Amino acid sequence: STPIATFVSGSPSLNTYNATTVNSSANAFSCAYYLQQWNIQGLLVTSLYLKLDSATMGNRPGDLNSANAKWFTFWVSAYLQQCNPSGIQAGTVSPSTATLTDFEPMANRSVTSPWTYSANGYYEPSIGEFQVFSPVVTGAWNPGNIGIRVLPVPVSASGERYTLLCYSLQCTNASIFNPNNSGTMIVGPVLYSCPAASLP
């Protein structure tokens, strides 16, 4: 077969806000992303950009707890109909014979108990690799450094198990979820490699 498959999805301009992220106060928001993936003979390499904008993200509750939220979770999925909590969009696979199941991560060998899938449930991974990024911010958003916990996570839905890539983005400062602050934030490219579930 083909030794290498690729997948590209999302908004190249980061100006289309068609995905979803849930923060630690269980508030759901619209976000933009750009996703580029490779399956290189069973190695899954994933590049991701994420953007939030006060003007497109949605209502930000006031209440101290909500306004002081710092963490939010984003999910990259290869199961766009069956287990897609962050609403990854249909994209382009190369070559033409590849399919999105070429982009499922191999199960995480450190984790057994799965997350029960919700459309708006907040999942906070406390295990796995930790990366640090400085974000690109505009306006009155001042999150500071963004820590990123990233790992393959087993997710249960309707008696089926899926492994998804989970990103917990962890602001240094409360800022971006406070409705009194307008602004934007972009982080990336966040790179993550792991074994793929199959060969392309």
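Start at 1 and count along the sequence shown; that's the residue number.
Comparing the deposited coordinates for 56-64 and 140-148, the stretch with the larger average C-alpha B-factor is 56-64. Two stretches are in play, 184-192 and 18-26, and the higher mean C-alpha B-factor belongs to 18-26. Out of 86, 89, 108, 94, the entry records its largest CA B-factor for 94. Residue-level temperature factors show residue 169 in the lowest third of its chain, judged at the C-alpha atom. Compared with the other modelled residues of the chain, the Cα B-factor recorded for residue 103 ranks in the middle third. Residue 128: CA B factor in the lowest third of modelled residues in this chain (values from the PDB entry). Ranked by C-alpha B-factor against the other modelled residues of its chain, residue 157 falls in the highest third. When the modelled residues of the chain are ordered by C-alpha B-factor, residue 71 sits in the lowest third.
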